[PDB]
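Each residue takes its place number in the sequence, starting with 1.
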Amino acid sequence: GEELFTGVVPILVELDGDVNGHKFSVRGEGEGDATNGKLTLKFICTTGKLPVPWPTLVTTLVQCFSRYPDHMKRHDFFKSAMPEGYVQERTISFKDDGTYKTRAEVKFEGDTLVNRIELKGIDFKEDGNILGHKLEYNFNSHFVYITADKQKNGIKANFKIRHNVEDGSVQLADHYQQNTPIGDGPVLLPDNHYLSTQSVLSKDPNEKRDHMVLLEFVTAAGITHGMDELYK
Ligand code: NA
């Protein structure tokens, strides 16, 4: 629950991926400050050069660090499932191109929040925007729409990621997401709401490996009951 996130929490991220047969691994380390909604992470492709653009992996590479307003805390499924954790699965459909399917487990190893991911990508075009590395190294702001999934005792989400392309166009990546708690502990199943996300991608000038430095800010919104400063 909430008590596990009141301070700064170390994060580890591990990703094993296969896109069109290209096998790669990514490791990340950093920390999260859920009280402010802030993540700071650095990711390295430990197998060598990454075969897809780093921005395509941002959403896959810990929504338990979202800042939920006080009046919305009872709608925070992600923290409610901690420390035992949750499974997060997605299908990501790149318009006019291939698809990623991802399965991750997000849980605590003691003080550290760990996101361990398997990713499979298929049907990508060899000189599409992904395998052709035509996406700009930057990231837009989005809304993540959450609803409860009673049957699976978890949540579903949907959203559309917009990836800038180097020729000025936009590459859409449609996200379908399901989260299921690990084990049988009680959880908070929320009313419909959304996350508001913002991200900054950068590079470490002293890092020669293929890598991504990430700053991310996420808050929850879409419910107003109990937010008394809004009465005025
Ligand atoms: Na919360």
Donor-acceptor list for residues 56-70 side chains, cut-off 3.5 Å, not counting sequence neighbours:
unit_1: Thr56; atom_1: OG1; unit_2: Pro53; atom_2: O; d: 2.8
unit_1: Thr56; atom_1: OG1; unit_2: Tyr100; atom_2: OH; d: 2.9
unit_1: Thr59; atom_1: OG1; unit_2: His175; atom_2: NE2; d: 2.7
unit_1: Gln63; atom_1: OE1; unit_2: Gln177; atom_2: NE2; d: 2.8
unit_1: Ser66; atom_1: OG; unit_2: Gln63; atom_2: O; d: 2.8
unit_1: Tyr68; atom_1: OH; unit_2: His193; atom_2: NE2; d: 2.7

Ring pair (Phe, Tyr, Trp, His ring centres under 6.0 Å): which pairs involve residues 194-232, sequence neighbours left out?
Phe143-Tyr194

Testing the 3.5 Å rule here: is there a donor-acceptor pair between the side chains of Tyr176 and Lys156?
yes

Pair listing, ring pair (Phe, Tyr, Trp, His ring centres under 6.0 Å) test, anchored in residues 101-121, at least two apart
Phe5-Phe108

So do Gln198 and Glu216 actually touch side chain to side chain, heavy atoms under 4.5 Å?
no

How close do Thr47 and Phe24 get, heavy atom to heavy atom, and via which atoms?
OG1-CA, 3.3 Å

Name every donor-acceptor pair, under 3.5 Å, that has one atom in a side chain of residues 119-128 and the other anywhere in the protein, sequence neighbours excluded.
unit_1: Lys125; atom_1: NZ; unit_2: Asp96; atom_2: O; d: 2.9
unit_1: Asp127; atom_1: OD2; unit_2: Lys134; atom_2: NZ; d: 3.3

Looking at every heavy atom in both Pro181 and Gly154, which two are closest together, and how far apart are they?
CD-CA, 4.3 Å

Quick one: side chain to side chain donor-acceptor pair (under 3.5 Å) partners of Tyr137, sequence neighbours excluded?
none

Sidechain N-carboxylate O distance under 4.0 Å for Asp76, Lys79:
yes

CD of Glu136: more than 12 outside heavy atoms within 6.0 angstrom?
yes

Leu201 versus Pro55: any side-chain heavy-atom pair under 4.5 Å?
yes

Could you work out the complete set of other residues in the hydrophobic cluster of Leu172, with links drawn between I, L, V, M, F, W and Y side chains under 4.5 Å apart?
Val170

Ignoring hydrogens, what is the shortest heavy-atom contact between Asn179 and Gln88? Give both atom names and the distance.
ND2-OE1, 2.9 Å

Is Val106 reachable from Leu188 through a run of I, L, V, M, F, W or Y residues, each pair having side-chain heavy atoms under 4.5 Å apart?
no

Mind checking side chain to side chain donor-acceptor pair (under 3.5 Å) for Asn20 and listing every partner two or more places apart, or none if nothing turns up?
none

Only counting residues at least two apart or in another chain, list the ones meeting side chain to side chain donor-acceptor pair (under 3.5 Å) with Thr40.
none

So the side chain to side chain donor-acceptor pair (under 3.5 Å) pairs with at least one residue in residues 108-117 (sequence neighbours excluded) are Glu14-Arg116

All side-chain contact (heavy atoms from CB on, under 4.5 Å) counterparts of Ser169, not counting sequence neighbours
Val165, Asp167

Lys203, NZ atom: more than 12 neighbouring heavy atoms under 6.0 Å:
yes

Heavy-atom neighbours of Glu207 CD exceed 12 at 6.0 Å
yes

For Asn140, all residues meeting side-chain contact (heavy atoms from CB on, under 4.5 Å), sequence neighbours excluded
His142, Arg162, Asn164

Would you say CG of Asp184 has more than 12 non-hydrogen atoms from neighbouring residues, nucleotides or ligands within 6.0 angstrom?
no

Do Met82 and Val9 sit in the same hydrophobic cluster, where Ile, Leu, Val, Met, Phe, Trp and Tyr count as joined when their side-chain heavy atoms come under 4.5 Å apart?
yes

Run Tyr145 and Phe159 through ring-ring contact (aromatic ring centres under 6.0 Å, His included) and show every step you take.
CA-CA 6 Å; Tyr145 299 98; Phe159 51 104; 8.6 Å; no

Assess whether side chain to side chain contact (heavy atoms under 4.5 Å, CB included) is satisfied between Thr180 and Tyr86, documenting all intermediate values.
CA-CA 5 Å; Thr180 308; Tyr86 53 78; over 6 Å; no

Kindly write out the residues that satisfy side chain to side chain donor-acceptor pair (under 3.5 Å) with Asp204, not counting sequence neighbours, or none if the list is empty.
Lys42

Would you say the side-chain atoms of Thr91 and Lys101 include a donor-acceptor pair closer than 3.5 Å?
yes

Candidate pair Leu214 and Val200, rule side chain to side chain contact (heavy atoms under 4.5 Å, CB included), full reasoning:
CA-CA 6 Å; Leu214 170 67; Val200 178; over 6 Å; no

